[PDB]
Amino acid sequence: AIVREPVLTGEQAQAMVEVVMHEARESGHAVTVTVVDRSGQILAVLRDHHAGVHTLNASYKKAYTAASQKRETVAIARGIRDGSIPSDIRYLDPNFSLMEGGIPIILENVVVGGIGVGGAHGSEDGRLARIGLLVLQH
């Protein structure tokens, strides 16, 4: 039969990046935020004019990784460090980043995409990404 599941909308992606960039302004950070769809393809990007261009790749990779692994990128890093996850996870996919700041996006229990932030270093990247995610509480 035909399976129906939530799909992450352009409007939802836009709302997330807008909130993240507002918070990044407030905290004085120069970042990029990226939201990807279920299959890792971009729905939204916003970059600050003082954010280095690496933050485009950092944020995309984190979003992609979280969307595909269905776990926060920080958790994967923690898992390699404590020996529970093989370190070769790093090389599984050229779009992988295990730096903190990627979070999976779930709607009605289905993974529908990912959000990633780069430019503020790990802790703040994670804090900002979470603020984006929380726009979609349901």
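The first residue of the shown sequence is 1; numbering continues from there.
- Taking only CA atoms, the mean B-factor in the PDB entry is higher for 85-93 than for the other of 85-93 and 40-48.
- Per the PDB record, of the two stretches 21-29 and 7-15, 21-29 carries the greater mean B-factor over its C-alpha atoms.
- Residue set 106, 58, 74, 67: peak C-alpha B-factor at 74 (per PDB entry).
- Highest CA B-factor among 111, 63, 53, 80, as stated in the entry: 80.
- Among the modelled residues of the chain, residue 128 sits in the middle third by CA temperature factor in this PDB entry.
- In this PDB entry, residue 122 carries a Cα temperature factor that places it within the highest third of its chain's modelled residues.
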